[PDB]
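What follows is one structure encoded as structure tokens, with my remarks underneath.
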Ligand code: HEM
Ligand SMILES: CC1=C2CC[C@H](C)[C@]23CC[C@@H](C3)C1(C)C
Ligand SMILES: CC1=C2CC[C@H](C)[C@]23CC[C@@H](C3)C1(C)C
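Residue numbers (my numbering): 1 to 417.
Take a look at the structure:
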């Protein structure tokens with residue numbers, strides 16, 4: 001048993017500084033300091049795990065509750081700020097309720113709405129007019145998510161707006177003015193929306209009905225908790241996908257050939273996605289280099305041992321899938337965009353947990369199936385009808401926030417055939 005090694009920072013704010021000047025680099029640097037190192041952001045210490053294996057151990061071990069200190073500092077506030085009181089403490093139990101709505105079985109029924117949201121974009125974006133990625137990706141997001149996870153009365157541009165005016169408050173404890181007119185409205189709306197399905201919610205397999213079949217304000221809190229993160233994430237995701245279709249014409253058109261073969265001409269549909277291999281490979285390779293979620297935290301319940309190191313109980317640990325997915329030691333062409341490094345042969349070349357956009361423990365992403373489905377749909381629909389090109393002056397330099405998104409990605413759909 002050996003306690004972790006330290007890294008290197010300043011007085012009152014140890015690593016709290018290097019991290020400040022550039023988080024993403026600090027996560028990657030930390031990789032060589034030891035399999036698990038200790039770092040100090042000011043007075044308190046956290047532990048970082050920089051090895052795929054230990055990070056998988058880390059997720060697959062039920063001994064790590066997720067108060068995760070530089071997450072629950074906001075989650076204690078998310079107890080008013082967002083989600084509401086908590087988020088998956090223990091028991092879970094009253095939380096398997098969610099699985100039935102996100103399983104591989106309940107996604108093909110969302111398929112139509114998914115197809116519909118995609119092709120719609122397709123007529124929405126027209127060649128020549130640059131697409132505003134931040135405002136627009138954030139939209140198909142809401143729409144898809146809300147529209148499949150709830151059905152009937154449309155929250156259309158109303159839900160979007162609020163979350164928008166919302167998401168922007170985070171970048172640059174809670175806030176000042178219009179973030180207000182958006183919040184109450186976000187809650188005003190979610191409630192109003194629970195009230196309505198109460199009418200005739202028969203077959204609705206979505207999350208709302210299953211959530212109406214398991215607390216009074218506990219439902220108004222679990223939707224606002226599932227809909228919130230999952231949207232900004234499927235969004236940031238979309239964003240990097242746009243940069244992808246615009247940055248590697250090759251695969252973009254390659255993605256258009258794959259779609260035509262299988263689809264023939266008919267607009268892409270859930271059945272097809274399950275066929276479009278290259279379409280998903282693109283989506284994955286992109287998510288590896290530019291994930292939306294780049295750090296993940298936990299809070300040990302019991303004094304642990306990891307990679308032979310002693311993890312003090314009650315401790316607070318942190319890891320970076322960002323870094324992991326971009327670790328040389330884990331990948332050959334470390335920074336090379338290559339949708340084909342996911343080819344069966346090279347695929348096994350890559351460590352077990354060196355690529356898991358979502359995680360493995362019960363703190364996993366219920367929409368793994370749900371996401372890739374709408375993303376693959378959305379990737380295929382766009383690449384097929386267009387070809388994306390990035391407006392000069394476009395700013396695709398990363399902005400490190402809740403998730404990793406492009407400060408100002410500007411692209412123009414061009415007409416393909
Ligand atoms: C852009 C694709 C997505 C990625 C990469 C992703 C990733 C993740 C990760 C890494 C976690 C939690 C890991 C942890 O703390 O242990 C998570 C949790 C979660 N995600 Fe996603 N997600 C995506 C899309 C979505 C969507 C579309 C929804 C639903 C609208 C969603 C809903 C959730 C929920 C409710 C949780 C909390 C799980 C828990 O309490 O353990 N996610 N996601
Ligand atoms: C201030 C901040 C954080 C608090 C800890 C949490 C992991 C993070 C680490 C860097 C990200 C997320 C930002 C900049 C949003
Ligand atoms: C994956 C993820 C989340 C799951 C829900 C939780 C509130 C969040 C919402 C966005 C933040 C925290 C990140 C991106 C780390």
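Virtual Cβ for every residue (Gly too), placed ideally from N, Cα, C.
Sequence-distant partners of residue 84 (beyond 5 residues in either direction) whose C-beta falls short of 6 Å from its own C-beta, in its chain, are 221. Per DSSP, the beta-bridge partners of residue 415 are 386. Ranked by Cα distance from residue 318, the first of 33, 226, 48 is 48.
The set of residues with CB atoms less than 5 Å from any heavy atom of ligand 3 reads, in chain order, 229, 293, 402, 403.
Within the segment 283-348, the complete alpha helix (DSSP H) segments at least 4 residues long are 321-325, 344-347, listed from N- to C-terminus.
In this structure, residue 23 has its CB closer than 6 Å to one or more heavy atoms of ligand 2.
Taken through DSSP and simplified to helix, strand or coil, residue 379 comes out as helix.
Short of 6 Å from the beta carbon of residue 113, and not among the five residues preceding or following it, lie these beta carbons of its own chain, in chain order: 147, 148.
By the criterion of a C-beta distance shorter than 7 Å, residue 254 is surrounded in its chain by 278, once the five residues flanking it on both sides are discounted.
Remark: C-beta atoms of residue 201 and residue 209 approach each other more closely than 7 Å. The nearest non-hydrogen atom of ligand 2 is 6 Å or more from the C-beta of residue 377. When only Cα atoms are considered, residue 78 and residue 131 end up about 32 Å apart. Proximity to residue 333 across 126, 349, 14 peaks at 349, based on C-alpha coordinates.
If you look at residue 406, you'll find it in the beta strand (DSSP E) that goes 404-408. Taking one beta carbon from each stretch, the segment 278-289 and the segment 362-381 have 3 or more pairs nearer than 8 Å; the two touch. Placement of the Cβ of residue 295 at a distance of less than 6 Å from at least one heavy atom of ligand 2 is found. The DSSP-derived three-state label of residue 216 is coil. Exclusion of the five residues before and after residue 145 leaves 227, 230, 231, 234 as the residues of its chain whose Cβ lies within less than 7 Å of its Cβ. Ranked by how close their Cα comes to the Cα of residue 259, the residues 246, 247, 274 have 274 in first place. Listed in chain order, the non-local C-beta contacts of residue 395 below 8 Å within the same chain comprise 406, 407, 408, 409, 410, local neighbours out to five positions each way being set aside.
In this structure, the straight-line span from the alpha carbon of residue 311 to that of residue 300 is close to 8 Å.
For residue 400, the closest of 20, 8, 7 by C-alpha to C-alpha distance is 20.
Taking 6 Å as the cut-off, one finds at least one heavy atom of ligand 1 near enough to the beta carbon of residue 371. In the DSSP annotation of this structure, the continuous segment of the beta strand (DSSP E) that includes residue 396 starts and ends at 395-400. In the DSSP annotation of this structure, the continuous segment of the beta strand (DSSP E) that includes residue 41 starts and ends at 36-41.
Residues 282, 286 of the same chain have their beta carbon placed closer than 7 Å to that of residue 244, with the five preceding and five following residues left out of the count. Pairing residue 38 with residue 67 gives a Cβ-Cβ distance that is not under 7 Å.
Residue pairing of residue 105 in beta bridges, as defined by DSSP: absent, with no partner found. Measuring C-alpha to C-alpha distances from residue 188 to each of 294, 61, 158, 76 identifies 158 as the nearest. No residue range can be given for residue 97, since it is assigned to no beta strand (DSSP E) and is classified by DSSP as neither H nor E. Scanning its chain for C-beta atoms nearer than 8 Å, with the 5 sequence neighbours on each side dropped, one finds around residue 361 the residues 59, 60, 61, 62, 64, in chain order. Annotated as distal: residue 46 and residue 4, with beta-carbon spacing of 7 Å or more. Residue 168: member of the alpha helix (DSSP H) spanning 156-171, first to last residue. Bounds of the alpha helix (DSSP H) holding residue 190 are 178-197. Under the DSSP definition of a beta bridge, residue 362 lacks any partner. When the Cα atoms are used, residue 336 and residue 23 turn out to be separated by approximately 21 Å.
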